[PDB]
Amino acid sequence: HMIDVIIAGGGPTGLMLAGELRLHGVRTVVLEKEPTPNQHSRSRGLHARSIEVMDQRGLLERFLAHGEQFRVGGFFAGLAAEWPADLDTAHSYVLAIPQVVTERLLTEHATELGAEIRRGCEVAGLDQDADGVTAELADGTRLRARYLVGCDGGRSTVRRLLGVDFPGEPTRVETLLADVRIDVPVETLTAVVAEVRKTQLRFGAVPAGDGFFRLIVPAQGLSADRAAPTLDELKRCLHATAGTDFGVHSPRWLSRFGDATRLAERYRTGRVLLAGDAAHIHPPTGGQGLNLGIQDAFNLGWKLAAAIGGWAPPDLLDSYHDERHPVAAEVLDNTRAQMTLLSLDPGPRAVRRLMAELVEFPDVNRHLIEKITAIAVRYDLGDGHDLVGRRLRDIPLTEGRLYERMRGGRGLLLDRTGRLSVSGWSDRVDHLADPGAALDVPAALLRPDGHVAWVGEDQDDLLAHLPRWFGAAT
């Protein structure tokens, strides 16, 4: 019938959201401005919680088929350190996979599930009322739906049109990124990079396989125009930072970015929501935007589908803002911390030497990696038990593993007591009755995003907790 949800923007956030909505029959149209997929790959991989999320939906096998697992140092502000031996996840690794391939994989999955991706379609305006949202496209055509989600990136058109304030710290430091060929061998390049880095940690060089290299080099001041830089400006900035320009020539990508950290004041404005870079910006350098955007979509999907299905309780959609807005605030702040630790100044450099001492302690190294990989996220769901609000890691069952049972994106009561029941909610919550499950609690109610809503062994207590995330008994 009518479109249920329109998603502005077909990046990883919107695509992951499209997939989550299609698990529940939601008619979903992604409006993506560009007529062909973008080929400039941003992130080089995925962290554990994103890896876990893919596995909960059955996508990890294809992700591992298109990537390489590794466990090396340096993921927090570039501080080299052994991989934490006791990270609290069954997916304790980093998945090296270009974001272009991540976007392809999410596009194929969204399409195979029946999301309608429309390329060449730019949202230019919106008009919402009590029953839905009309998106106005740049060619004058109009689309109606029940909800509209702005997943349209850091310069979100939806955010601007809503007037949602974007407070934070403005850009004070700019950085250039170029994918260019060089007139010197690779060995010369990497030797100079290793040397410059001892002074200037913001400089970096990563080969792509085809003789192109990705160069990251500080800009000279801020720019008046905030536009893309020219090859000559790249040479100016390379000369100042490294002494040589390595004969950079024939760019295939020239870009600029700032260290601004901004956070949308409201993730929800009536029937219109924001997710991903549309809801928060922060530097690509030490940022986590790809993971953060995917996990915004993972938080919002089942809740918005519940709204469409008619069973969402009255505060459910608002729990999206209430849970994900604090998470982004902490990512933004921790990324500011990391940028400082990369600074040239003698003060920050002294702090960096201290941090290097501290990361030799396993519980520091574990603390920093669990933070940035997002496995440590805890929503405040108002209970004392430590598990409540955290995502439950994958655990062995009698046969199989917990994440194998989550592919429908529904709720899950993991019950070892042999006694509890979610009858009245079975259409929304499965009953995983397995006393051999390797979890040292009597039972735990898991929301569709894997976050623990409740731990206990009393049926009446279980019943009192169900309506909050799963609505009324039917």
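Numbering starts at 1 and follows the sequence shown.
Between the stretches 209 to 217 and 305 to 313, it is 209 to 217 that shows the larger average CA temperature factor. Comparing 227 to 235 with 355 to 363, the higher mean C-alpha B-factor in the PDB entry belongs to 227 to 235. The maximum CA B-factor among the listed residues 322, 103, 112, 131, taken from the PDB record, is found at 131. Set against one another, the Cα B-factors of 342, 329, 272, 248 in the record reach their highest point at 248. Ranked by C-alpha B-factor against the other modelled residues of its chain, residue 418 falls in the highest third. Per the PDB record, residue ranking by Cα B-factor puts residue 59 in the lowest third of the chain. The entry lists a Cα temperature factor for residue 464 that places it in the highest third of the chain's modelled residues.
When all modelled residues of the chain are sorted by CA temperature factor, residue 172 is found within the highest third. In this PDB entry, residue 202 carries a Cα temperature factor that places it within the highest third of its chain's modelled residues.
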